[PDB]
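Okay, so here's just one chain, in structure tokens, the form deposited in one PDB entry.
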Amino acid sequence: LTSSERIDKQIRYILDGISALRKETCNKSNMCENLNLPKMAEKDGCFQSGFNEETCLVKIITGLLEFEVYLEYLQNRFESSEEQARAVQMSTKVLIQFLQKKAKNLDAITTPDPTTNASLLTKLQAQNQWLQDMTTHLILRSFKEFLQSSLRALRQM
């Protein structure tokens, strides 16, 4: 497997993990069919029009590091599938490692503040069960969309 091949397979793996968590929570809350979650925009260079490999790769890595506090939220929230939640969390850290190798030229990426992450987590875990179910669904959809767009951009590099 090349570096690129390994990255694509890892994203596909994580998406399948998200799809299993989404089925689970969505069968229970029925909420499927603010938080400031990472999202691709035209300026990031990951879309065909305005495509720019370098800015796009930085945006992918940046947005995955920003997602980590929300994946820690999911691991603390899923009880039955706490292991699946943990596996998404850990597989995402492996993906970021693989992308750091791809951006081997590129500069170091700003990382989220661990202490600001801790405060967010306490707030999100203080909400009532409806709001936490809504938070869980939003995180899974946003994270899915980010990784789908990432897969599409990484194809074009």
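For every residue, the number given is its place in the sequence shown, counted from 1.
Beyond what is shown, the protein has a form deposited in another entry; the following relates to that form.
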Quick one: spot the hinge among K123, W130, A41, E79 for the rigid-body turn between the shown form and the other one. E79
Cα-Cα trend for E68 and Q148, given that in the other form the distance shifts by 3 Å or more: farther
Evidently the Cα separation of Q129 and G17 changes by 3 Å or more in the other form, so the atoms lie closer
